[PDB]
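Undergrad: Need a 3D model of the following:
(2 chains, ligands or ions: 1)
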Amino acid sequence: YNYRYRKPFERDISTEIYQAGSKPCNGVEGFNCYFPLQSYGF
Amino acid sequence: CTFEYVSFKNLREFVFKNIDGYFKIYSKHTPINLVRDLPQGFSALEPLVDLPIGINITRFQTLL
Ligand SMILES: *[C@@H]1O[C@H](CO)[C@@H](O[C@@H]2O[C@H](CO)[C@@H](O)[C@H](O)[C@H]2NC(C)=O)[C@H](O)[C@H]1NC(C)=O
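TA: Residues are numbered from 1 along each chain as shown, chains lettered A, B, ... in the order given. Dropping the coordinates below:
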């Protein structure tokens, strides 16, 4: 589970949550508020 | 944090632009004999550096 993913040649390491709906998530995980990096599971 | 690099009379002019994650700098240094405003005249800035920063910019600030 070490390897992770979410303009040209951009890089974006910001750790802020998916505000996946109208909720201001304030870093709290829940419905419409999800951690921004997935991982592979090799 | 992935990148690091090293290298009124004095009017110094610069251009800063970001394209495809490169940061491009052009410059020109000249004497002048004026105070309130940029002198009415012409010369071209020439390229200094072309740095592979890969980073987003929308705001900037100057250090005195
Ligand atoms: C570069 O930074 C700007 C912010 O300074 C980003 O623009 C925002 O993008 C989000 C995407 O969801 C929008 O909700 C905001 O309305 C945008 N704000 C402004 C001021 O335009 C931009 O997307 C960033 N680009 C990259 C590739 O990181």
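Undergrad: surely residue A:20 meets residue A:30?
TA: No - if you go by C-beta atoms under 8 Å, residue A:20 and residue A:30 don't touch, sitting 9.9 Å apart. Backbone N, C-alpha and C define where each C-beta goes, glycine included.
Undergrad: More neighbours: the two, which one.
TA: Neighbour tally, residue A:20 and residue A:30, criterion other C-beta atoms under 10 Å in any protein chain shown: the higher count belongs to residue A:20, 13 against 10.
Undergrad: ok, the nearest residue to the more buried one once chain neighbours are set aside - how many residues close by?
TA: Leaving out its chain neighbours, the residue that sits closest to residue A:20 by C-beta to C-beta, 6 or more residues apart in numbering or on different chains is residue A:32, at 4.6 Å. By the criterion of other C-beta under 10 Å, residue A:32 has 11 neighbours.
Undergrad: Residue A:32 and residue A:21 touch, don't they?
TA: Yes - look at residue A:32 against residue A:21 with C-beta under 8 Å: they come within range, at 3.1 Å.
Undergrad: List the beta-bridge partners for the residue most central in space within chain B.
TA: Taking C-alpha atoms, centre = their mean, the centroid of chain B lies closest to residue B:14, which sits 3.0 Å from it. Following DSSP bridges, residue B:14 is listed with bridge partners residue B:27.
Undergrad: Alright, that wraps it up for me.
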